[PDB]
Amino acid sequence: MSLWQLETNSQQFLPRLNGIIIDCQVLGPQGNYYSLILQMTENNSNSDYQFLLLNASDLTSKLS
Amino acid sequence: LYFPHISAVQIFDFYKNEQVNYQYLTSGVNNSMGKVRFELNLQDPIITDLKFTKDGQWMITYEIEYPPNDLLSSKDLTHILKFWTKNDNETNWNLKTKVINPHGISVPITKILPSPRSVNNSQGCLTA
Amino acid sequence: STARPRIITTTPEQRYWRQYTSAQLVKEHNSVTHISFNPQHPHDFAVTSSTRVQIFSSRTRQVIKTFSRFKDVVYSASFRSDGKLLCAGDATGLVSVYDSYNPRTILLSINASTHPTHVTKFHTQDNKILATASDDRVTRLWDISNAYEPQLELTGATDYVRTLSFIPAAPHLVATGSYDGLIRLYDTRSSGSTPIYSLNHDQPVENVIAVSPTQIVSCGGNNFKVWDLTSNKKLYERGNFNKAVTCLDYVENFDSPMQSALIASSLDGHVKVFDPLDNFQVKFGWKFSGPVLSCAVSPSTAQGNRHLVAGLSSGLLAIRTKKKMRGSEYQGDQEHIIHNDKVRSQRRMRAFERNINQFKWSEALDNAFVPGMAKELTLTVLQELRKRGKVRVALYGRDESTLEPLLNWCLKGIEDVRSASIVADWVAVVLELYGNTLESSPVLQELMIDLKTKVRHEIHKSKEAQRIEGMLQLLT
Amino acid sequence: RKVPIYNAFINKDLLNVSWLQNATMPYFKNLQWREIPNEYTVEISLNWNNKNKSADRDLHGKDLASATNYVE
Amino acid sequence: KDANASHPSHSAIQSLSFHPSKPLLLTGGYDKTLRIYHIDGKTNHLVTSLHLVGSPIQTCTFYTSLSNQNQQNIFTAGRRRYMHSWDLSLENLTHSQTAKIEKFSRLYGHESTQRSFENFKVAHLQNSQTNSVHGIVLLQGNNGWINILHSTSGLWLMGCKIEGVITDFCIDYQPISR
Amino acid sequence: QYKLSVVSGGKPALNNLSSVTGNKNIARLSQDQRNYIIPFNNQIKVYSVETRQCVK
RNA sequence: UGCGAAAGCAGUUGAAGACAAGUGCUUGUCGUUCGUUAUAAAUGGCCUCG
């Protein structure tokens with residue numbers, strides 16, 4: 001997951017997530033949390049969705 | 001309840017209806033990097049059979065490693081057997097033994113049966 | 001997010017004995033006959049050589065005391081249980097008792113006999129009584145208080161007695177082994193001077209040791225046998241040795257994975273370790289320049305670096321040793337809540353591992369073939385790149401100048417069974433990927449000509465191996 | 001550590017004991033003094049050298065959502 | 001009466017801060033402990049303590065959100081490349097057995113300008129186009145650089161540069177209208 | 001004697017519509033922002049964010 | 001694509017519509033349909049907390 005800083009075109013990264021990112025959102029009055037949907041494309045038989053709520057402060061999984 | 005996901009095992013507690021763990025049980029490009037483009041054609045090791053002894057303290061896992069395409073050794077699958085053990089208090093299985101190409105080379109382990117409690121106090125298994 | 005996985009690149013009993021790495025060879029004037037360890041800290045060990053006895057510091061591994069009063073050759077340096085007192089024998093037959101670390105004063109001197117006194121040992125449970133063995137074939141039992149007559153005079157050996165042992169937990173029992181091949185057990189409680197029973201070794205007895213209260217190991221001739229007194233028969237016997245075994249020592253309850261170890265000298269330059277639990281079976285051995293006459297290991301309670309000492313007839317002494325802002329330090333003992341988040345840094349990664357993590361496929365291959373690179377480690381990086389699916393990618397931007405390092409290793413790796421299959425894959429791609437550059441480069445051409453000769457040689461070996469494999473089936 | 005009592009109430013058979021936790025926060029407990037022994041010491045769990053556990057981390061600091069890696 | 005008499009500190013008192021509304025005093029130092037005392041002037045008992053292993057405290061301060069009065073928070077920093085935030089909202093301060101602590105350690109590409117979080121201050125920024133008001137964490141850089149971060153999310157908002165070595169800074173508010 | 005009954009849950013629900021992108025997630029965070037509501041294919045789970053457990 | 005063992009044994013990869021480009025004709029494409037078991041290439045590589 002890449003946060004592009006548009007002022008300077010920089011970017012912050014959160015790598016090695018559990019699956020490919022289908023959806024991203026900034027969820028809060030002050031952007032406290034990031035809500036992500038992960039896919040886990042390894043399993044071709046089924047689509048394995050996972051909802052991940054990350055704390056924007058330290059990018060730790062607040063709720064998986 | 002143990003689900004053999006591809007190259008990983010999902011431990012899921014159906015009483016609470018919550019996942020309790022997700023563990024990688026094989027080598028390979030599993031979370032080292034995100035595969036993109038032709039890297040996405042690679043197949044990680046597949047956990048085919050996963051079984052517990054009657055005592056429940058040992059876990060036997062059978063894996064198939066697929067070679068990359070476009071090589072001379074692109075057709076010689078590698079069959080692996082692994083014996084994992086874990087104390088009840090902790091949640092992470094620790095690998096104790098690893099057997100590469102059991103039964104010979106390129107011969108699958110089609111069946112696995114943990115032994116009954118009578119023989120070796122459930123610390124044996126059969127592979128066929 | 002998860003931490004990035006790290007790239008994945010004998011017996012425990014052998015691994016313990018492999019820790020005696022540091023080796024020192026000291027030269028003595030004559031054959032070192034006997035070696036003894038002080039039971040007490042610092043556990044200095046004494047070596048008998050020529051006309052002197054030298055005590056070596058455990059930590060310093062150098063001589064700290066020398067007892068040169070002896071006129072003729074010395075035959076023993078055993079300490080007492082307390083370690084204050086050491087006794088020594090002499091060819092003249094005089095037994096001299098000195099205070100340990102005070103060579104000048106001679107606390108007690110006893111004339112055991114006119115013939116040589118080869119063995120002098122302090123009785124383990126009782127400090128006052130000292131045993132002496134002489135070529136007179138009488139193993140007299142002396143007491144420090146009574147220096148004019150022995151307390152008891154054991155007799156009945158028709159040949160030289162050169163081995164005295166005291167059985168733990170049986171202070172009344174005394175064991176003697178003569179060159180008759182007979183090991184005799186005596187009881188001091190009775191009148192004595194006549195064995196309780198005799199054990200036949202069939203070969204001259206060089207050293208008798210009581211490993212445990214009920215088991216005695218007697219090493220004589222080319223074999224050592226363990227005898228149980230309750231059964232009065234040898235339980236087990238080991239004859240792996242070639243020359244005649246000379247000396248034997250036992251240590252128990254030390255920090256090794258093996259609780260107990262039994263070392264036996266060979267007179268062939270071999271001293272090998274035996275564990276009493278596994279039927280006295282071999283686990284380790286060392287080879288020396290010449291025959292070994294004495295072997296010793298530091299006691300169980302060494303309290304520091306362990307020592308292995310071997311004595312050679314040339315006078316060489318071999319030692320192997322197993323070495324053993326005013327508020328910054330508050331640590332929050334009185335506080336309600338302690339919060340810890342510090343995470344130790346991961347173990348330092350090599351150049352090849354860093355390149356793979358950073359997706360530098362070509363540079364990772366280069367780090368594989370560098371001078372002074374382990375062959376096993378070079379195999380992993382090659383296997384990793386194949387597993388990642390990056391073999392052609394690692395070989396795209398290359399020419400003859402940077403292709404030869406890979407081919408050089410392939411020329412050597414093809415011989416190895418482990419790397420034979422890997423070499424085939426990489427060599428297949430480079431030929432399929434650099435066919436045209438091959439024609440216009442002469443140096444590359446010879447790199448294949450020798451490769452074709454070598455790969456042909458492997459084909460002959462594998463065909464040959466199949467043939468021995470075929471006939472081996474016929475035998476079974 | 002002993003926590004002093006600054007007030008108490010006793011009605012028929014129950015006794016209400018009051019003490020201060022933190023600085024000035026009053027806490028209360030009701031006990032039946034009739035059944036209490038002659039000398040009785042109430043035991044209370046107060047923060048003292050409490051290791052701080054974050055709900056989003058396990059004992060070793062690995063994030064809960066993260067998957068366990070493979071180690072031989 | 002002295003504030004630290006009830007529970008003495010094991011180092012110099014590097015920073016002091018009163019709570020904006022409640023009668024509390026916060027202390028910090030190289031002891032690595034955030035001791036909070038209930039200043040009444042006669043007893044001054046200690047409300048709570050939090051030892052931060054390996055995190056010397058050069059400066060600590062309370063923070064109360066200007067819009068959401070229920071939000072209370074403590075920021076502490078030292079000669080380290082990270083900052084700690086301690087949420088005291090609801091019952092976290094006293095009742096909770098555990099402390100809700102977050103570490104700010106990401107500068108979003110501006111690591112070179114910042115060597116240490118030790119010198120920082122907290123202010124209020126009103127996002128005019130939306131009229132929303134939030135807190136900002138101000139830091140001192142290596143070369144005249146002042147790095148400004150979002151107090152809650154920790155995002156890098158903007159940076160200010162002056163010529164010469166930055167020695168100190170302060171914040172002033174100018175009301176415009178209602 | 002025997003009887004059949006569903007016990008555990010199923011996959012989380014998504015707005016599986018091809019055109020809509022960025023609005024696939026349907027879960028919502030309470031106004032007090034103390035718990036997250038997630039619809040499943042067979043139930044609706046309310047998780048407390050602070051304790052990371054399914055309160056309801 | 002079917003079967004099977006992993007080796008292999010058999011069998012497929014058609015038609016229409018629309019758009020673009022070049023010169024009614026040619027080629028290529030399809031977030032278009034019907035039917036059959038049925039190279040890539042926008043300089044673009046994964047965080048910090050010792």
# chains A, B, ... in the order shown; residues from 1 in each chain; ligands from 1

call {"tool": "residues_around", "arguments": {"residues": "region 285-301 of chain C", "least_positions_apart": "3", "cutoff": "7 Å", "atoms": "only C-alpha atoms (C1' of nucleotides)", "output": "PyMOL selection string"}}
result
chain C and resi 33-37+39+246-249+251-254+265-273+306-313

call {"tool": "closest_atom_pairs", "arguments": {"of": "chain A", "to": "chain F", "cutoff": "12 Å", "atoms": "only C-alpha atoms", "output": "Markdown table"}}
result
| residue | atom | partner | partner_atom | distance |
| --- | --- | --- | --- | --- |
| A:21 | CA | F:22 | CA | 11.0 |
| A:22 | CA | F:22 | CA | 8.3 |
| A:23 | CA | F:22 | CA | 5.7 |
| A:24 | CA | F:22 | CA | 6.9 |
| A:25 | CA | F:22 | CA | 7.7 |
| A:26 | CA | F:22 | CA | 11.1 |
| A:27 | CA | F:29 | CA | 7.9 |
| A:28 | CA | F:33 | CA | 8.2 |
| A:29 | CA | F:33 | CA | 9.8 |
| A:30 | CA | F:33 | CA | 11.8 |
| A:31 | CA | F:33 | CA | 11.9 |
| A:32 | CA | F:33 | CA | 10.0 |
| A:33 | CA | F:29 | CA | 9.9 |
| A:34 | CA | F:29 | CA | 11.2 |
| A:35 | CA | F:25 | CA | 8.5 |
| A:36 | CA | F:25 | CA | 8.2 |
| A:37 | CA | F:25 | CA | 7.3 |
| A:38 | CA | F:25 | CA | 10.9 |
| A:39 | CA | F:12 | CA | 11.6 |
| A:46 | CA | F:11 | CA | 10.3 |
| A:47 | CA | F:11 | CA | 9.2 |
| A:48 | CA | F:11 | CA | 7.7 |
| A:49 | CA | F:12 | CA | 6.9 |
| A:50 | CA | F:12 | CA | 7.5 |
| A:51 | CA | F:12 | CA | 8.1 |
| A:52 | CA | F:25 | CA | 10.8 |
| A:53 | CA | F:49 | CA | 9.0 |
| A:54 | CA | F:49 | CA | 10.5 |
| A:55 | CA | F:49 | CA | 10.4 |
| A:61 | CA | F:52 | CA | 9.9 |
| A:62 | CA | F:49 | CA | 6.7 |
| A:63 | CA | F:52 | CA | 5.9 |
| A:64 | CA | F:52 | CA | 8.3 |

call {"tool": "closest_atom_pairs", "arguments": {"of": "chain G", "to": "chain C", "cutoff": "9 Å", "atoms": "only C-alpha atoms (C1' of nucleotides)", "output": "JSON lines"}}
result
{"residue": "G:45", "atom": "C1'", "partner": "C:359", "partner_atom": "CA", "distance": 6.2}
{"residue": "G:46", "atom": "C1'", "partner": "C:358", "partner_atom": "CA", "distance": 8.1}
{"residue": "G:49", "atom": "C1'", "partner": "C:342", "partner_atom": "CA", "distance": 8.5}
{"residue": "G:50", "atom": "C1'", "partner": "C:345", "partner_atom": "CA", "distance": 8.0}

call {"tool": "atom_distance", "arguments": {"atom1": "CA of residue 70 (chain D)", "atom2": "CA of residue 24 (chain B)"}}
result
5.3 Å

call {"tool": "atom_distance", "arguments": {"atom1": "CA of residue 186 (chain C)", "atom2": "CA of residue 279 (chain C)"}}
result
27.3 Å

call {"tool": "select_by_dssp", "arguments": {"residues": "region 26-168 of chain E", "states": "strand (DSSP E or B)", "output": "number ranges by chain"}}
result
E: 26-28, 33, 35-38, 45-48, 50-52, 59-64, 72-77, 83-87, 100-104, 120-127, 132-140, 145-150, 156-161

call {"tool": "interface_residues", "arguments": {"of": "chain B", "to": "chain F", "cutoff": "9 Å", "atoms": "only C-alpha atoms", "output": "count of residues only"}}
result
6

call {"tool": "closest_residue", "arguments": {"among": "E:151, E:92, E:55, E:71", "to": "chain A", "atoms": "only C-alpha atoms"}}
result
E:151

call {"tool": "decode", "arguments": {"residues": "region 43-74 of chain B", "atoms": "N, CA, C and O atoms", "output": "PDB file, in the first residue's frame"}}
result
ATOM      1  N   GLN B  43       4.183 -21.016  -9.201  1.00  0.00           N
ATOM      2  CA  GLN B  43       3.296 -21.751  -8.311  1.00  0.00           C
ATOM      3  C   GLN B  43       4.048 -22.046  -7.024  1.00  0.00           C
ATOM      4  O   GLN B  43       5.100 -22.694  -7.052  1.00  0.00           O
ATOM      5  N   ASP B  44       3.515 -21.573  -5.902  1.00  0.00           N
ATOM      6  CA  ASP B  44       4.120 -21.860  -4.618  1.00  0.00           C
ATOM      7  C   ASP B  44       3.868 -23.316  -4.239  1.00  0.00           C
ATOM      8  O   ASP B  44       2.999 -23.973  -4.813  1.00  0.00           O
ATOM      9  N   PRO B  45       4.630 -23.850  -3.286  1.00  0.00           N
ATOM     10  CA  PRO B  45       4.391 -25.231  -2.861  1.00  0.00           C
ATOM     11  C   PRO B  45       2.962 -25.407  -2.382  1.00  0.00           C
ATOM     12  O   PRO B  45       2.409 -24.545  -1.697  1.00  0.00           O
ATOM     13  N   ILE B  46       2.363 -26.534  -2.750  1.00  0.00           N
ATOM     14  CA  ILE B  46       0.980 -26.838  -2.411  1.00  0.00           C
ATOM     15  C   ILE B  46       0.979 -27.880  -1.304  1.00  0.00           C
ATOM     16  O   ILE B  46       1.602 -28.941  -1.437  1.00  0.00           O
ATOM     17  N   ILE B  47       0.289 -27.566  -0.211  1.00  0.00           N
ATOM     18  CA  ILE B  47       0.106 -28.484   0.912  1.00  0.00           C
ATOM     19  C   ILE B  47      -1.055 -29.402   0.538  1.00  0.00           C
ATOM     20  O   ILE B  47      -2.215 -28.991   0.536  1.00  0.00           O
ATOM     21  N   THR B  48      -0.742 -30.655   0.202  1.00  0.00           N
ATOM     22  CA  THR B  48      -1.766 -31.552  -0.321  1.00  0.00           C
ATOM     23  C   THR B  48      -2.505 -32.269   0.801  1.00  0.00           C
ATOM     24  O   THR B  48      -3.740 -32.319   0.807  1.00  0.00           O
ATOM     25  N   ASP B  49      -1.769 -32.834   1.756  1.00  0.00           N
ATOM     26  CA  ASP B  49      -2.355 -33.564   2.873  1.00  0.00           C
ATOM     27  C   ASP B  49      -1.842 -32.984   4.179  1.00  0.00           C
ATOM     28  O   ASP B  49      -0.662 -32.637   4.288  1.00  0.00           O
ATOM     29  N   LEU B  50      -2.732 -32.879   5.161  1.00  0.00           N
ATOM     30  CA  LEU B  50      -2.409 -32.369   6.487  1.00  0.00           C
ATOM     31  C   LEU B  50      -3.186 -33.193   7.501  1.00  0.00           C
ATOM     32  O   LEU B  50      -4.415 -33.282   7.411  1.00  0.00           O
ATOM     33  N   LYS B  51      -2.481 -33.792   8.460  1.00  0.00           N
ATOM     34  CA  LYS B  51      -3.111 -34.719   9.389  1.00  0.00           C
ATOM     35  C   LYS B  51      -2.466 -34.617  10.762  1.00  0.00           C
ATOM     36  O   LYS B  51      -1.315 -34.205  10.907  1.00  0.00           O
ATOM     37  N   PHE B  52      -3.243 -35.002  11.773  1.00  0.00           N
ATOM     38  CA  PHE B  52      -2.838 -34.989  13.170  1.00  0.00           C
ATOM     39  C   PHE B  52      -2.804 -36.409  13.712  1.00  0.00           C
ATOM     40  O   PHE B  52      -3.589 -37.264  13.299  1.00  0.00           O
ATOM     41  N   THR B  53      -1.900 -36.650  14.656  1.00  0.00           N
ATOM     42  CA  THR B  53      -1.906 -37.912  15.374  1.00  0.00           C
ATOM     43  C   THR B  53      -3.082 -37.951  16.348  1.00  0.00           C
ATOM     44  O   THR B  53      -3.706 -36.933  16.650  1.00  0.00           O
ATOM     45  N   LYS B  54      -3.381 -39.151  16.849  1.00  0.00           N
ATOM     46  CA  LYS B  54      -4.487 -39.292  17.792  1.00  0.00           C
ATOM     47  C   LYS B  54      -4.225 -38.491  19.059  1.00  0.00           C
ATOM     48  O   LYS B  54      -5.137 -37.861  19.605  1.00  0.00           O
ATOM     49  N   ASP B  55      -2.984 -38.509  19.547  1.00  0.00           N
ATOM     50  CA  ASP B  55      -2.641 -37.716  20.722  1.00  0.00           C
ATOM     51  C   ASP B  55      -2.829 -36.229  20.449  1.00  0.00           C
ATOM     52  O   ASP B  55      -3.178 -35.464  21.355  1.00  0.00           O
ATOM     53  N   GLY B  56      -2.605 -35.802  19.209  1.00  0.00           N
ATOM     54  CA  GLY B  56      -2.799 -34.421  18.827  1.00  0.00           C
ATOM     55  C   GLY B  56      -1.597 -33.525  19.011  1.00  0.00           C
ATOM     56  O   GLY B  56      -1.692 -32.326  18.722  1.00  0.00           O
ATOM     57  N   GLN B  57      -0.475 -34.057  19.488  1.00  0.00           N
ATOM     58  CA  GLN B  57       0.710 -33.249  19.734  1.00  0.00           C
ATOM     59  C   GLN B  57       1.607 -33.119  18.509  1.00  0.00           C
ATOM     60  O   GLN B  57       2.494 -32.260  18.503  1.00  0.00           O
ATOM     61  N   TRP B  58       1.391 -33.927  17.472  1.00  0.00           N
ATOM     62  CA  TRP B  58       2.211 -33.925  16.270  1.00  0.00           C
ATOM     63  C   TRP B  58       1.348 -33.649  15.049  1.00  0.00           C
ATOM     64  O   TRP B  58       0.193 -34.078  14.985  1.00  0.00           O
ATOM     65  N   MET B  59       1.918 -32.926  14.090  1.00  0.00           N
ATOM     66  CA  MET B  59       1.261 -32.594  12.833  1.00  0.00           C
ATOM     67  C   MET B  59       2.128 -33.082  11.682  1.00  0.00           C
ATOM     68  O   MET B  59       3.319 -32.765  11.617  1.00  0.00           O
ATOM     69  N   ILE B  60       1.532 -33.853  10.783  1.00  0.00           N
ATOM     70  CA  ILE B  60       2.215 -34.380   9.610  1.00  0.00           C
ATOM     71  C   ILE B  60       1.702 -33.619   8.400  1.00  0.00           C
ATOM     72  O   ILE B  60       0.486 -33.510   8.201  1.00  0.00           O
ATOM     73  N   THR B  61       2.617 -33.086   7.593  1.00  0.00           N
ATOM     74  CA  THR B  61       2.252 -32.299   6.426  1.00  0.00           C
ATOM     75  C   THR B  61       2.974 -32.833   5.201  1.00  0.00           C
ATOM     76  O   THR B  61       4.149 -33.200   5.272  1.00  0.00           O
ATOM     77  N   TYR B  62       2.258 -32.886   4.083  1.00  0.00           N
ATOM     78  CA  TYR B  62       2.789 -33.367   2.817  1.00  0.00           C
ATOM     79  C   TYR B  62       2.666 -32.259   1.785  1.00  0.00           C
ATOM     80  O   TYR B  62       1.587 -31.682   1.615  1.00  0.00           O
ATOM     81  N   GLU B  63       3.765 -31.974   1.092  1.00  0.00           N
ATOM     82  CA  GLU B  63       3.863 -30.820   0.216  1.00  0.00           C
ATOM     83  C   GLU B  63       4.393 -31.234  -1.146  1.00  0.00           C
ATOM     84  O   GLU B  63       5.168 -32.186  -1.265  1.00  0.00           O
ATOM     85  N   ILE B  64       3.976 -30.495  -2.170  1.00  0.00           N
ATOM     86  CA  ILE B  64       4.481 -30.658  -3.528  1.00  0.00           C
ATOM     87  C   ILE B  64       5.035 -29.316  -3.979  1.00  0.00           C
ATOM     88  O   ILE B  64       4.313 -28.311  -3.980  1.00  0.00           O
ATOM     89  N   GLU B  65       6.307 -29.299  -4.362  1.00  0.00           N
ATOM     90  CA  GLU B  65       6.968 -28.114  -4.884  1.00  0.00           C
ATOM     91  C   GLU B  65       7.092 -28.244  -6.394  1.00  0.00           C
ATOM     92  O   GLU B  65       7.632 -29.239  -6.894  1.00  0.00           O
ATOM     93  N   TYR B  66       6.593 -27.236  -7.110  1.00  0.00           N
ATOM     94  CA  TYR B  66       6.530 -27.227  -8.563  1.00  0.00           C
ATOM     95  C   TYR B  66       7.710 -26.451  -9.126  1.00  0.00           C
ATOM     96  O   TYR B  66       7.930 -25.306  -8.710  1.00  0.00           O
ATOM     97  N   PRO B  67       8.497 -26.997 -10.056  1.00  0.00           N
ATOM     98  CA  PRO B  67       9.627 -26.235 -10.576  1.00  0.00           C
ATOM     99  C   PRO B  67       9.150 -25.079 -11.435  1.00  0.00           C
ATOM    100  O   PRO B  67       8.015 -25.094 -11.942  1.00  0.00           O
ATOM    101  N   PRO B  68       9.976 -24.052 -11.625  1.00  0.00           N
ATOM    102  CA  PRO B  68       9.621 -23.000 -12.581  1.00  0.00           C
ATOM    103  C   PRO B  68       9.607 -23.525 -14.006  1.00  0.00           C
ATOM    104  O   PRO B  68      10.285 -24.497 -14.344  1.00  0.00           O
ATOM    105  N   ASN B  69       8.821 -22.862 -14.848  1.00  0.00           N
ATOM    106  CA  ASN B  69       8.713 -23.247 -16.245  1.00  0.00           C
ATOM    107  C   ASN B  69       9.957 -22.820 -17.018  1.00  0.00           C
ATOM    108  O   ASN B  69      10.786 -22.040 -16.542  1.00  0.00           O
ATOM    109  N   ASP B  70      10.085 -23.356 -18.231  1.00  0.00           N
ATOM    110  CA  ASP B  70      11.123 -22.941 -19.175  1.00  0.00           C
ATOM    111  C   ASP B  70      12.520 -23.285 -18.664  1.00  0.00           C
ATOM    112  O   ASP B  70      13.458 -22.497 -18.790  1.00  0.00           O
ATOM    113  N   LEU B  71      12.662 -24.476 -18.087  1.00  0.00           N
ATOM    114  CA  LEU B  71      13.944 -24.992 -17.635  1.00  0.00           C
ATOM    115  C   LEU B  71      14.015 -26.481 -17.943  1.00  0.00           C
ATOM    116  O   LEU B  71      13.000 -27.124 -18.217  1.00  0.00           O
ATOM    117  N   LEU B  72      15.232 -27.028 -17.904  1.00  0.00           N
ATOM    118  CA  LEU B  72      15.380 -28.469 -18.079  1.00  0.00           C
ATOM    119  C   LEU B  72      14.673 -29.221 -16.962  1.00  0.00           C
ATOM    120  O   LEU B  72      13.984 -30.217 -17.210  1.00  0.00           O
ATOM    121  N   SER B  73      14.833 -28.760 -15.727  1.00  0.00           N
ATOM    122  CA  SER B  73      14.160 -29.356 -14.577  1.00  0.00           C
ATOM    123  C   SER B  73      12.821 -28.679 -14.314  1.00  0.00           C
ATOM    124  O   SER B  73      12.510 -28.284 -13.194  1.00  0.00           O
ATOM    125  N   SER B  74      12.015 -28.551 -15.365  1.00  0.00           N
ATOM    126  CA  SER B  74      10.700 -27.932 -15.280  1.00  0.00           C
ATOM    127  C   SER B  74       9.583 -28.956 -15.155  1.00  0.00           C
ATOM    128  O   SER B  74       8.408 -28.580 -15.192  1.00  0.00           O
TER     129      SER B  74
END
